[PDB]
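J.: Below is one structure. I have some questions about it.
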Amino acid sequence: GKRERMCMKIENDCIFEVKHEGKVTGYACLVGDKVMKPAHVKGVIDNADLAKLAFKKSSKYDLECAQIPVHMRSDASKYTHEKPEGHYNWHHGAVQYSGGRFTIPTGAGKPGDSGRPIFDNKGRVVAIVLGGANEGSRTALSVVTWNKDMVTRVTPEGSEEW
Amino acid sequence: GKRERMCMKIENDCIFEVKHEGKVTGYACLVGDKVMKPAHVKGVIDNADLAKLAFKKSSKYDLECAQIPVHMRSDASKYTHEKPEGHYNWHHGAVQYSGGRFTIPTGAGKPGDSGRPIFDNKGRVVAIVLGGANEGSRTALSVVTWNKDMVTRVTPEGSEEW
Amino acid sequence: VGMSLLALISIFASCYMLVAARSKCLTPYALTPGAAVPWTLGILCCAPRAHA
């Protein structure tokens, strides 16, 4: 039952609750000197270091890259470029990485919570949530991955913004 | 004896039992946002999501790829592009993968059951059945595999449609 | 009319081959994976018109 002592608790603050009009609509995380933030969501980046920062808005990837200063690198989150297909860690539940496909249980989680910096079973970050897709039987989602060097994205057909 | 708690029971539903005029003739499965279904076989695709989808019919590969919705992306089955030569899991028996050749016990299985999403000993997919060759020594079989990127196929000599 | 009809048929045949070549070379890459060598091998081999 209690088997949660992974990087989620180790960092516990990479997640910032981006708020639009004070309404938390998404989440911003930190990865190896960078700061990730979904593009299609918007709100408040109250943290001063991140509040006054300029991001790209490449909708082809729907991300907001950035550069994090040194004083916040103490609060970082390691990452991976390789995907050992299987089960990974999550905030709202678990992660069943099937063959090249992120997914979660039917109806688990919620929309309007794009970011969710999905965590690896080794205590790292391997995926950021963007969207979600709940068709008949079970659930899929749109997320971002990183290849050897290029930062790609995947969006299952019929996936709505979550 | 009872050592069967692998992915077969975990998924248990990727098999769609393709039925021509109500007669089960093949078996369709899913792999990484795609749907696998032999082209040479034909029948009913009753599942409405899959029924109204367009497949290729390349005879060189005799496969029916697809772009499945999120309605299966958790009712899925992981795959592999590598083959650790040895024993793999099967539906009607087992898989004995000799050096660069698939085979099953002589007289085992049956014809007219193409799909059969053969399973690996790790709980994943590495091959799909297409045919069967019953030589005097043992039973080989035409199947489809996946290279690093190329989705190739193998058909041992003397193998008929199964 | 004969020359014009011949001109169209060759054009239609040429267009027919181009689409066929696209199908033959695109089906193998896109069976399980979405991976098409981002126009490095998408131009030289066949039609890179795949969405991806």
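Each chain in the structure tokens gets a letter, A, B and so on, in the order shown; residues start at 1 in every chain, and ligands are counted from 1 in the order they appear.
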So that I can check the secondary structure, give me every residue of chain B assigned strand (DSSP E) by backbone DSSP, as a ChimeraX atom specification.
T.: /B:18-20,23-26,29-31,34-36,87-89,94-98,101-104,128-129,131-134,139-140,143-144,160-161
J.: Can you spit out the residues from that selection as a PDB file, in the first residue's frame, using C-alpha atoms?
T.:
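Output below, filename again_19.pdb:
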```pdb
ATOM      1  CA  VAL B  18     -12.299 -11.639 -36.697  1.00  0.00           C
ATOM      2  CA  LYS B  19     -15.315 -13.599 -37.940  1.00  0.00           C
ATOM      3  CA  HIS B  20     -16.275 -13.920 -41.601  1.00  0.00           C
ATOM      4  CA  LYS B  23     -17.141 -17.717 -38.606  1.00  0.00           C
ATOM      5  CA  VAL B  24     -14.040 -16.760 -36.622  1.00  0.00           C
ATOM      6  CA  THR B  25     -11.219 -16.855 -39.177  1.00  0.00           C
ATOM      7  CA  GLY B  26      -8.552 -14.561 -37.712  1.00  0.00           C
ATOM      8  CA  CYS B  29      -4.582  -7.061 -32.016  1.00  0.00           C
ATOM      9  CA  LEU B  30      -3.138  -3.624 -31.254  1.00  0.00           C
ATOM     10  CA  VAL B  31       0.418  -2.317 -30.951  1.00  0.00           C
ATOM     11  CA  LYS B  34      -1.758   0.868 -34.427  1.00  0.00           C
ATOM     12  CA  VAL B  35      -3.983  -2.134 -35.134  1.00  0.00           C
ATOM     13  CA  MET B  36      -2.508  -5.363 -36.506  1.00  0.00           C
ATOM     14  CA  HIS B  87      10.972 -19.378 -25.747  1.00  0.00           C
ATOM     15  CA  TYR B  88       8.022 -17.001 -26.097  1.00  0.00           C
ATOM     16  CA  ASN B  89       4.442 -17.102 -24.850  1.00  0.00           C
ATOM     17  CA  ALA B  94       4.146 -22.068 -26.622  1.00  0.00           C
ATOM     18  CA  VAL B  95       6.639 -20.524 -29.050  1.00  0.00           C
ATOM     19  CA  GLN B  96      10.031 -22.127 -29.712  1.00  0.00           C
ATOM     20  CA  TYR B  97      12.184 -19.547 -31.515  1.00  0.00           C
ATOM     21  CA  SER B  98      15.246 -21.381 -32.774  1.00  0.00           C
ATOM     22  CA  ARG B 101      13.296 -19.373 -37.217  1.00  0.00           C
ATOM     23  CA  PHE B 102       9.940 -19.604 -35.452  1.00  0.00           C
ATOM     24  CA  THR B 103       8.413 -23.010 -34.763  1.00  0.00           C
ATOM     25  CA  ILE B 104       5.871 -24.792 -32.571  1.00  0.00           C
ATOM     26  CA  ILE B 128       2.243 -12.305 -34.953  1.00  0.00           C
ATOM     27  CA  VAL B 129       1.349 -15.613 -36.590  1.00  0.00           C
ATOM     28  CA  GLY B 131       1.099 -19.301 -41.546  1.00  0.00           C
ATOM     29  CA  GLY B 132       2.428 -22.752 -40.709  1.00  0.00           C
ATOM     30  CA  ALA B 133       4.862 -25.237 -42.276  1.00  0.00           C
ATOM     31  CA  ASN B 134       4.691 -28.842 -41.038  1.00  0.00           C
ATOM     32  CA  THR B 139       6.323 -27.151 -37.514  1.00  0.00           C
ATOM     33  CA  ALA B 140       7.567 -23.789 -38.776  1.00  0.00           C
ATOM     34  CA  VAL B 143       5.090 -14.586 -39.113  1.00  0.00           C
ATOM     35  CA  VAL B 144       5.771 -10.842 -39.014  1.00  0.00           C
ATOM     36  CA  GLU B 160       0.763 -22.387 -45.941  1.00  0.00           C
ATOM     37  CA  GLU B 161      -1.858 -19.916 -44.758  1.00  0.00           C
TER      38      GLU B 161
END
```
J.: Residues of chain C no more than 8 Å from chain B, counting only C-alpha atoms: send them over as a ChimeraX atom specification.
T.: /C:24,27-33,35
J.: For the structure I just gave you, how does DSSP split chain A - specifically, which residues are helix (DSSP H, G or I)? Reply as a ChimeraX atom specification.
T.: /A:7-11,48-51,70-73
J.: Limited to C-alpha atoms, could you put the picked residues into a file as a PDB file, in the first residue's frame?
T.:
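In the end it all went to again.pdb:
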```
ATOM      1  CA  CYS A   7      11.474  11.697  -6.394  1.00  0.00           C
ATOM      2  CA  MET A   8       7.967  13.147  -5.994  1.00  0.00           C
ATOM      3  CA  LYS A   9       8.577  13.702  -2.279  1.00  0.00           C
ATOM      4  CA  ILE A  10      12.301  14.395  -2.743  1.00  0.00           C
ATOM      5  CA  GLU A  11      11.591  17.519  -4.803  1.00  0.00           C
ATOM      6  CA  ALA A  48       9.731  35.969  -9.535  1.00  0.00           C
ATOM      7  CA  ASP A  49      12.511  34.066 -11.310  1.00  0.00           C
ATOM      8  CA  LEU A  50       9.915  32.392 -13.538  1.00  0.00           C
ATOM      9  CA  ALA A  51       7.361  35.229 -13.519  1.00  0.00           C
ATOM     10  CA  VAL A  70      21.387  28.971 -10.242  1.00  0.00           C
ATOM     11  CA  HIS A  71      19.569  29.697  -6.974  1.00  0.00           C
ATOM     12  CA  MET A  72      16.656  27.455  -8.019  1.00  0.00           C
ATOM     13  CA  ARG A  73      18.809  24.699  -9.538  1.00  0.00           C
TER      14      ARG A  73
END
```
J.: Here is a test: counting only C-alpha atoms, which residue of B:154, B:68, B:130, B:118 is nearest to chain A?
T.: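 For chain A, the nearest of the given residues is B:68.
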J.: Using only C-alpha atoms, pick whichever of A:15, A:99, A:117, A:108 has the shortest atom-to-atom distance to chain B.
T.: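 So, comparing all the options, the nearest one is A:99.
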J.: Please compute the atom CA of residue B:115-atom CA of residue B:13 distance, one decimal, in Å.
T.: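 Separation of atom CA of residue B:115 and atom CA of residue B:13: 13.5 Å.
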J.: Here is a test: counting only C-alpha atoms, which residue of B:69, B:107, B:136, B:156 is nearest to chain A?
T.: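 Ranked by minimum distance to chain A, first place goes to B:69.
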